[PDB]
Number of protein chains: 2
Amino acid sequence: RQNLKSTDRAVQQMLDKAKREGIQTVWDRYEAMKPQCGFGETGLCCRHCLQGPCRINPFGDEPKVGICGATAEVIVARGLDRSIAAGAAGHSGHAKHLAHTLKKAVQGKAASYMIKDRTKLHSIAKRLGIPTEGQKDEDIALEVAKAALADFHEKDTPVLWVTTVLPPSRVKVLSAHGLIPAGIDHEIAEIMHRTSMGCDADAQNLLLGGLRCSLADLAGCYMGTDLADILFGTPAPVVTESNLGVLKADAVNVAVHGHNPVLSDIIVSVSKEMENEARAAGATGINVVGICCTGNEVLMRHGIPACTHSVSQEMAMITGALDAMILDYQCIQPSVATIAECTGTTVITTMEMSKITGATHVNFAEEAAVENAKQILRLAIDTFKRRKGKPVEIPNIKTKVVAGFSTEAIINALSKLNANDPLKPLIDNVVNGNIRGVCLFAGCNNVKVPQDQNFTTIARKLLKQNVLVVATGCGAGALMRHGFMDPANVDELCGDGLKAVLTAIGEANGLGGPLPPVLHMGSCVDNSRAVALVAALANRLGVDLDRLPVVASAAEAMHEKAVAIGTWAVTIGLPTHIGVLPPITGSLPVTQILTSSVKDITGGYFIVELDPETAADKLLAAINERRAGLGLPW
Amino acid sequence: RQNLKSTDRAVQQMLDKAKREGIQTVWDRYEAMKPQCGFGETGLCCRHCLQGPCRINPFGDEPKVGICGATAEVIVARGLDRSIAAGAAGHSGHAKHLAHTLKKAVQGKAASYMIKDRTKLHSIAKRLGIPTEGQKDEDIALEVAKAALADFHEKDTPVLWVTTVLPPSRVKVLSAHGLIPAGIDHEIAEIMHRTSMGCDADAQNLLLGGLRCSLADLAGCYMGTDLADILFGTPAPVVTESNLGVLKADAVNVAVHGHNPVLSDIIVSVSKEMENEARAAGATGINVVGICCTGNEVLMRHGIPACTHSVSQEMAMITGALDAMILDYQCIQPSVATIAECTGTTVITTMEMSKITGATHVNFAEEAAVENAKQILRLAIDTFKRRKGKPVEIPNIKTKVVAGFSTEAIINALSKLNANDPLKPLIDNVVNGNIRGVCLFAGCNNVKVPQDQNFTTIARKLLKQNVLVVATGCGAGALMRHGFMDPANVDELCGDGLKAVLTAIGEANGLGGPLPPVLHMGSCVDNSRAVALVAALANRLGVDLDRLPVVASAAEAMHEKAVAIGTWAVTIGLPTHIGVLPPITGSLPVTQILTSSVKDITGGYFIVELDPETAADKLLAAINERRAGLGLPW
Ligand code: SF4
Ligand code: SF4
Ligand code: FES
Ligand code: FES
Ligand SMILES: [Fe+2]
Ligand SMILES: [Fe+2]
């Protein structure tokens, strides 16, 4: 019964194919892992020194405490902090890569890269205090790249990709609690230090450290978006398609998978130049498709169709038509390298610190980006030739996707209703009730949850109650694959007030129809775009973020990066739902801090709820409490 | 039967007292943890995402692979890499603290701190390429502190506290394999990134990353020693005592515990000024004693007696005479805060990122160091007053300890036998067989091993075979508490050739007797001093470190810091014994790399051996293989 594994019908069809062919999947590896360890599930396990492993029974008798004396609340808080630091290390490493790429580009060392969005470059420079008047663009960009790199270490200022992106009143709240990061890698290292044996052993102190490290993660996200927009262009509305039916039996199908547009953006451009070489090999052309966030990046900027996401990534290979899978880093199931032996796909790694045994490695260098891309795409063309005459099974299933809603694009769309005060039309309709509030869906799928079931169940309940829904990452992936980014579904999905607003904006932008039911704001680093929108609304209203009717939902969370994002959503002031259990329930004191008493520190809080209907009710209650706090009807 | 817990008789006596008083100890918490989880013991557990916990059966049937596809060798290598990064985060955080302290001192912001060792300052400056001619000392020091801080991030040079401290030929070997760190916190963050879900998944690639991060740890160690020597003085030979009998019923007994001399050095000086205030309270004075590495720091520089170490730290409190325990960070069992409720001890934390629930916190600031020290010591005096008329049980057990053998001190001692070529007398006696080789004992005690049993068993076997033995950290602690730093024990412990050499050096230095059987080279960061000595020998001989008859033994290892140290010992070219099982045996491929094929990369290798007699035989075989490689008899 494949609908217990995934609610996506294309995924179900490929699970049937994998089963009859004897190809083990993520769902099979999960079944083989059951029952999972309940010490790990509850957070009551520690391996931070060679006296371990230590564990604590959630209930009953001994063991009650770690060998060194570490209590349940210390063990739980230390493990959580390490997860936050690991997420911060991923988002900001991504950002550091892009900062080095921009520096190389403007120093004449990588001519495949350039300043594509000069408007974005100048606005970032102004936000940071970098002078622009009478400066060459390449010198402004060099200063921006140097400022980005400087935020990784201690200096005379705090992390500017925190303090220049939130309103002063929020910065003041955070500073009063010691939560502003001093440097991105500085905080990651401090976490690893304080959580090592015989160091920090006070749950509140540990968790304050975690909140601060989560803001280092936010800075890496915001830096990643800023730099990718400079290099590759700020997204604007675009129309494309999603799901496995975007693969084409007659073409060389190339998936870009992983995270950084420094890689996927060049593949997209070079693939167009290699069309005739692909035709010489018997193909119609090169069909680049997206998986995971790298896919989101090229979907947002270029309309490249999204093949699949997260938990179902192996299924693209099961079709038999995926000639290459080009990988950077993060969220790539290493099973892809073994499955490729069965399906024929050429899996190619490109980054020095992210290799997979059995996959071909092609060192990417920005200085040689075009030549490296051609070498990679020629491996793909060779693989296509090997499947001449082989039948494939591509499910004929795809949805229409309108996307590209950067914060700049949302403001521009609203400006068609009020040119000199673009945020006011949105605020007006929150006040009059046509928009109840805003919910950001973020983060992964997780094999424990039938794929997409929480995202779609929650989104349906909120849309019917007139909530404006925005989405990133594989939450955007889930919603796009189920039709939530097709404006043809507005009538079925949206309450009357929300429909009226989406229609007024869309028609004022010439569409003759509404905006889509859900606004796709991009990749996981592009959660920073939602921060920019919410901060702009707070500044326009003269209130802090913890008074706005805005919530977040990591409805099917998996990666350490999603834990970090959820934690900074709480830290900036949002009620934040998580739809899978993080390893915290073994400590009531820690759970109480994260779901209740953190409200008194930052105004945000976690809502841990595995039942999606109940989660939607709790998210609506959180929105309505904010409305009442502003004196609004609800 | 307390000798199964500790071979230290003072510890045994306090275990009997804890038992009759119902005070739970580390050994009781260990017993309550048995049997420990064998997935964790073997390394076959992963909690790096919210699909976990995942585990792999070492043998048998499913589960055989992680849910995402992570193999046993990936899971084992990722966990090990995180442990190395966490150790690096501790040693280098320590170093960063000292760099900020030096900067503040020379900028006029902390007058309790100063340049105490001008010779060391100028030599470090010269080693780094910083000009000294016609510069003020405060400006040279500012440049040294800024260079230290710069090594934490990427810049135009690699980490100079690696590349300027090893011989060029070793740097070249490491560079050829990509192992030179680019920045200390940069590498820590890269590790956390590459080991997060869906990133690096090739065991060799992961382990190369770990070796590089271990060199970031070495840099933090060497930086810590350098900066502590500038601020507090380079050690020279000193005589003191060790074990619980250094406590005095009639005095205010104050333990300094944790790591950084920025704290313990001021306590020592201020305590002398407060003698009359202590006498006013009915005490004879303030008796400062050491625990763990902070204790080693003040023992090496000032002859402060060492009370206890590592695993037995709770026993100092059980005496009833410990009025205060002043903590910084690292290796402090958090049980001390609960035990204090029973024993009366005032436990005081001082660092913002290392608090313990139930312990009094007194914020230390360098700018207020003397005033903070007096506040702390007045809490101790008040506590002494509360135990007026209370009997105490201080075991009347202590050993004589000769220590203070910095590398500068060892060279100076040798220079009395050859003034213009001080290393030659040591080399001469290696060649003629009076010295078989050199063994460094490093790292912790571990509750799994009867306390000190591996250190003493191995040391006895090596000393009888004419090995020169040096020691740091709680390996030095174990050996000092069992008489291995008392020159009166040379006749009993040392082979005839080693005795002849220790006697010739000692008599040439005026002692009328030998150097002690083991040379104490200091704290855990001061393992860097052993690197300086070995590098100087390599440079004098014109060979790389992997040709010298030098080995290391982390005979009872516990902390993530000890894993990092063991790993950089392997990376710089040494055969390196570890006497407890690291979580690697669940993967034969990983174990084979770490114990065998790494020899072909760095020339070093791990020797995993839990039986100490067998470990000594394997260490001697490793020394003798090096002798034969140099064409020497053995
Ligand atoms: S840090 Fe404490 S709780 Fe964790 S493994 Fe070590 S002894 Fe056990
Ligand atoms: S990273 Fe892979 S092996 Fe580790 S917990 Fe997640 S699914 Fe399991
Ligand atoms: S005891 Fe299972 S996660 Fe450690
Ligand atoms: S299953 Fe015990 S350490 Fe995870
Ligand atoms: Fe992602
Ligand atoms: Fe130590």
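The chain as shown is numbered from 1 upward.
The deposited model was determined using X-ray crystallography, 1.3 Å.
Just so it is clear, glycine is given a Cβ too, placed from its N, Cα and C backbone atoms.
When Swiss-Prot records A:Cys46, A:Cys49, A:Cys54 as binding [4Fe-4S] cluster 2, the matching candidate from A:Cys68, A:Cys199 it lists for that site is A:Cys68. When Swiss-Prot records A:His259, A:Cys293, A:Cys331, A:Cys444, A:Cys524 as binding [Ni-4Fe-5S] cluster, the matching candidate from A:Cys213, A:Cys474, A:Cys494 it lists for that site is A:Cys474. Within 8 Å of the centroid of the Cβ atoms of A:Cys46, A:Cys49, A:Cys54, A:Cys68, where the record puts [4Fe-4S] cluster 2, the same chain has further Cβ atoms from A:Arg47, A:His48, A:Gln51, A:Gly52, A:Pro53, A:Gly66, A:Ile67, A:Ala70, A:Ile75, A:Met197. Other than A:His259, A:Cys293, A:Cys331, A:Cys444, A:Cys474, A:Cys524, the residues of this chain whose Cβ falls within 8 Å of the Cβ centroid of the [Ni-4Fe-5S] cluster site are, in sequence order, A:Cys292, A:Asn296, A:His309, A:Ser310, A:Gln330, A:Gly473, A:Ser523, A:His559, A:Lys561. For the binding-site residues A:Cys45, A:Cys54, A:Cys68, A:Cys293, counting C-beta atoms within 10 A of each C-beta gives the highest total at A:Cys293. With a threshold of 8 Å between Cβ atoms, none of the binding-site residues A:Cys46, A:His259, A:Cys293, A:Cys474, A:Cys524 neighbour chain B. Inclusion criterion for the binding-site residues A:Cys45, A:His259, A:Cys293, A:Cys444, A:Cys474, A:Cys524: a C-alpha placed within 10 angstroms of the C-alpha of A:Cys54 ([4Fe-4S] cluster 2 binding site); this criterion is met by A:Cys45. A distance of 29 Å separates the Cα atom of A:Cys45 ([4Fe-4S] cluster 1 binding site) from that of A:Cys524 ([Ni-4Fe-5S] cluster binding site). Taking A:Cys37, A:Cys68, A:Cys444 as the candidate binding-site residues, the subset whose CB lies under 6 angstroms from any atom of ligand 4 consists of A:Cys37. DSSP classifies A:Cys45 ([4Fe-4S] cluster 1 binding site) as strand under the three-state reduction. Nearest to A:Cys444 ([Ni-4Fe-5S] cluster binding site) in space, judged by Cα atoms and limited to the binding-site residues A:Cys46, A:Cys49, A:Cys68, is A:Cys46. A:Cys37 ([4Fe-4S] cluster 1 binding site) falls outside any helix or strand according to DSSP and counts as coil. Among the binding-site residues listed (A:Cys46, A:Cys49, A:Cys444), none has a CB atom closer than 6 Å to any atom of ligand 3. When the binding-site residues A:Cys46, A:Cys49, A:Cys444 are checked against ligand 1, A:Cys46, A:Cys49 have a Cβ within less than 6 Å of one of its atoms.
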